[PDB]
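Asker: Below are the structure tokens for one structure; questions will follow.
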Amino acid sequence: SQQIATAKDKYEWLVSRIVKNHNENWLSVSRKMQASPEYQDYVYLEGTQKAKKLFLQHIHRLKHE
């Protein structure tokens with residue numbers, strides 16, 4: 001039952017693969033990300049705002065882990 005982990009984990013890379021310096025903006029990066037089944041799948045399961053929230057997290061981590 002490894003989807004909650006891996007699909008998120010992968011998506012969490014998707015963020016790290018696009019959003020490096022955190023200076024990005026979610027919408028624009030989801031523009032980017034949406035061209036990837038990765039972002040889709042996760043947003044399909046969980047949600048776009050939670051993927052935003054997920055972006056935010058990583059952002060913070062980028063900012064200061």
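Convention: chains lettered A, B, ... in structure tokens order; per-chain residue numbering from 1; ligands numbered from 1 as shown.
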Set the distance at 8 Å and use only C-alpha atoms: which residues neighbour stretch 6-9 of chain A once local chain neighbours fewer than 5 positions away are removed? I'd like the list as a list in words.
Answerer: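 What passes the distance filter is residues 38, 41 and 42 of chain A.
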Asker: Please produce a file of the residues just selected, as a CSV table (one decimal), in the first residue's frame, where the atoms kept are N, CA, C and O atoms.
Answerer:
```csv
chain,number,residue,atom,x,y,z
A,38,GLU,N,3.7,12.9,-12.4
A,38,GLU,CA,4.1,13.0,-11.0
A,38,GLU,C,3.2,13.9,-10.3
A,38,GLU,O,2.5,13.5,-9.3
A,41,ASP,N,-0.7,13.0,-10.6
A,41,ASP,CA,-1.0,11.8,-9.7
A,41,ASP,C,-1.2,12.2,-8.3
A,41,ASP,O,-2.3,12.0,-7.7
A,42,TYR,N,-0.2,12.9,-7.8
A,42,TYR,CA,-0.3,13.4,-6.4
A,42,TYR,C,-1.5,14.3,-6.1
A,42,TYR,O,-2.2,14.3,-5.1
```
Asker: Using only C-alpha atoms, which protein or nucleic acid residues come within 9 Å of stretch 56-61 of chain A? Drop anything in the same chain fewer than 3 positions from it, and give the result as a PyMOL selection string.
Answerer: chain A and resi 12+15-16+19-24+26+51-53+64-65
Asker: Please identify the helix (DSSP H, G or I) residues within stretch 3-55 of chain A (assignment by DSSP from backbone atoms) and present them as a VMD selection string.
Answerer: chain A and resid 6 to 18 26 to 33 37 to 45 48 to 55
Asker: Output N, CA, C and O atoms of each residue in that selection to a file, as a short mmCIF file (atom, residue, chain, number, x, y, z; two decimals), in the first residue's frame.
Answerer:
```
data_model
loop_
_atom_site.label_atom_id
_atom_site.label_comp_id
_atom_site.auth_asym_id
_atom_site.auth_seq_id
_atom_site.Cartn_x
_atom_site.Cartn_y
_atom_site.Cartn_z
N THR A 6 5.34 6.99 -1.65
CA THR A 6 6.10 7.12 -2.88
C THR A 6 5.56 8.17 -3.84
O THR A 6 6.33 8.93 -4.42
N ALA A 7 4.24 8.24 -4.02
CA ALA A 7 3.67 9.24 -4.92
C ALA A 7 3.92 10.63 -4.38
O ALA A 7 4.17 11.57 -5.12
N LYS A 8 3.88 10.75 -3.05
CA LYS A 8 4.21 12.00 -2.40
C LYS A 8 5.71 12.24 -2.48
O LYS A 8 6.15 13.33 -2.85
N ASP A 9 6.48 11.22 -2.14
CA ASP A 9 7.94 11.28 -2.17
C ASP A 9 8.45 11.71 -3.54
O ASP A 9 9.32 12.58 -3.65
N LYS A 10 7.92 11.08 -4.58
CA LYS A 10 8.24 11.44 -5.94
C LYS A 10 7.88 12.90 -6.20
O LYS A 10 8.70 13.67 -6.69
N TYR A 11 6.65 13.27 -5.83
CA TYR A 11 6.19 14.64 -6.00
C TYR A 11 7.08 15.61 -5.24
O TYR A 11 7.34 16.73 -5.69
N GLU A 12 7.54 15.19 -4.08
CA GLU A 12 8.42 15.98 -3.28
C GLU A 12 9.73 16.20 -4.01
O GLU A 12 10.37 17.25 -3.86
N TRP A 13 10.12 15.24 -4.85
CA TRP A 13 11.24 15.47 -5.73
C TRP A 13 10.83 16.42 -6.81
O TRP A 13 11.59 17.27 -7.19
N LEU A 14 9.61 16.25 -7.33
CA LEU A 14 9.15 17.11 -8.41
C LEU A 14 9.35 18.57 -8.00
O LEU A 14 9.87 19.38 -8.76
N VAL A 15 8.93 18.87 -6.78
CA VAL A 15 9.19 20.18 -6.19
C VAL A 15 10.69 20.48 -6.15
O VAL A 15 11.11 21.53 -6.58
N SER A 16 11.48 19.54 -5.65
CA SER A 16 12.92 19.76 -5.54
C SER A 16 13.59 19.81 -6.91
O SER A 16 14.69 20.33 -7.05
N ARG A 17 12.92 19.26 -7.91
CA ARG A 17 13.46 19.18 -9.23
C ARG A 17 13.21 20.48 -9.98
O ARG A 17 13.95 20.85 -10.89
N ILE A 18 12.17 21.18 -9.57
CA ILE A 18 11.84 22.47 -10.16
C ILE A 18 12.26 23.59 -9.21
O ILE A 18 13.13 24.41 -9.52
N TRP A 26 4.46 28.99 -6.33
CA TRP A 26 3.72 27.73 -6.51
C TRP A 26 3.00 27.62 -7.85
O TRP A 26 3.16 26.63 -8.55
N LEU A 27 2.22 28.61 -8.20
CA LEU A 27 1.40 28.54 -9.39
C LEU A 27 2.26 28.32 -10.63
O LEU A 27 2.05 27.38 -11.38
N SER A 28 3.24 29.18 -10.81
CA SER A 28 4.20 29.04 -11.90
C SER A 28 4.93 27.69 -11.88
O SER A 28 5.21 27.12 -12.94
N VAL A 29 5.25 27.17 -10.70
CA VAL A 29 5.94 25.90 -10.62
C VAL A 29 4.99 24.74 -10.86
O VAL A 29 5.40 23.70 -11.34
N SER A 30 3.70 24.93 -10.57
CA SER A 30 2.69 23.93 -10.89
C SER A 30 2.37 23.97 -12.39
O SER A 30 1.97 22.96 -12.96
N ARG A 31 2.54 25.13 -13.02
CA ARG A 31 2.53 25.26 -14.45
C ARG A 31 3.53 24.30 -15.06
O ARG A 31 3.22 23.49 -15.93
N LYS A 32 4.74 24.48 -14.60
CA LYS A 32 5.84 23.57 -14.88
C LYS A 32 5.47 22.12 -14.57
O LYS A 32 5.32 21.29 -15.46
N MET A 33 5.33 21.87 -13.28
CA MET A 33 5.03 20.54 -12.73
C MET A 33 3.85 19.81 -13.40
O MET A 33 3.87 18.58 -13.50
N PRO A 37 3.21 13.66 -14.92
CA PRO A 37 2.26 12.74 -14.29
C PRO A 37 2.47 12.64 -12.81
O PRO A 37 1.57 12.31 -12.05
N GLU A 38 3.69 12.92 -12.43
CA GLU A 38 4.08 12.99 -11.04
C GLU A 38 3.19 13.95 -10.26
O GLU A 38 2.47 13.55 -9.35
N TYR A 39 3.26 15.22 -10.63
CA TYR A 39 2.46 16.25 -10.00
C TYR A 39 0.97 15.94 -10.13
O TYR A 39 0.22 16.09 -9.17
N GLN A 40 0.58 15.48 -11.31
CA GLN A 40 -0.82 15.13 -11.57
C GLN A 40 -1.31 14.11 -10.58
O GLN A 40 -2.25 14.36 -9.83
N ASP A 41 -0.67 12.95 -10.60
CA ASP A 41 -1.03 11.82 -9.75
C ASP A 41 -1.22 12.25 -8.30
O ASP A 41 -2.25 11.97 -7.69
N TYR A 42 -0.23 12.95 -7.75
CA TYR A 42 -0.30 13.40 -6.36
C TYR A 42 -1.46 14.35 -6.15
O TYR A 42 -2.17 14.25 -5.15
N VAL A 43 -1.65 15.26 -7.07
CA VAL A 43 -2.71 16.23 -6.94
C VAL A 43 -4.07 15.57 -7.15
O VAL A 43 -5.10 16.03 -6.64
N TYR A 44 -4.06 14.47 -7.86
CA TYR A 44 -5.24 13.67 -8.11
C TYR A 44 -5.67 12.96 -6.83
O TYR A 44 -6.84 13.00 -6.45
N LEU A 45 -4.71 12.31 -6.20
CA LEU A 45 -4.95 11.62 -4.93
C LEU A 45 -5.27 12.61 -3.82
O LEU A 45 -6.37 12.62 -3.26
N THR A 48 -4.50 19.87 -4.88
CA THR A 48 -3.61 20.90 -5.40
C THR A 48 -3.13 21.83 -4.28
O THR A 48 -1.98 22.27 -4.30
N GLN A 49 -3.99 22.11 -3.31
CA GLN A 49 -3.64 23.00 -2.22
C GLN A 49 -2.72 22.31 -1.24
O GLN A 49 -1.88 22.95 -0.61
N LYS A 50 -2.89 21.02 -1.10
CA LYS A 50 -2.00 20.19 -0.31
C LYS A 50 -0.66 20.01 -1.01
O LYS A 50 0.37 19.89 -0.37
N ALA A 51 -0.69 19.99 -2.34
CA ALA A 51 0.54 19.98 -3.12
C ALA A 51 1.20 21.35 -3.02
O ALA A 51 2.42 21.46 -2.98
N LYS A 52 0.38 22.40 -3.00
CA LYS A 52 0.84 23.73 -2.67
C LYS A 52 1.50 23.71 -1.30
O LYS A 52 2.65 24.07 -1.14
N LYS A 53 0.73 23.29 -0.30
CA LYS A 53 1.20 23.08 1.04
C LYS A 53 2.49 22.26 1.07
O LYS A 53 3.41 22.56 1.84
N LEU A 54 2.56 21.24 0.23
CA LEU A 54 3.74 20.41 0.10
C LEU A 54 4.90 21.22 -0.50
O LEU A 54 6.04 21.14 -0.03
N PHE A 55 4.59 22.00 -1.54
CA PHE A 55 5.53 22.96 -2.10
C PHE A 55 6.04 23.89 -1.01
O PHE A 55 7.25 24.04 -0.82
#
```
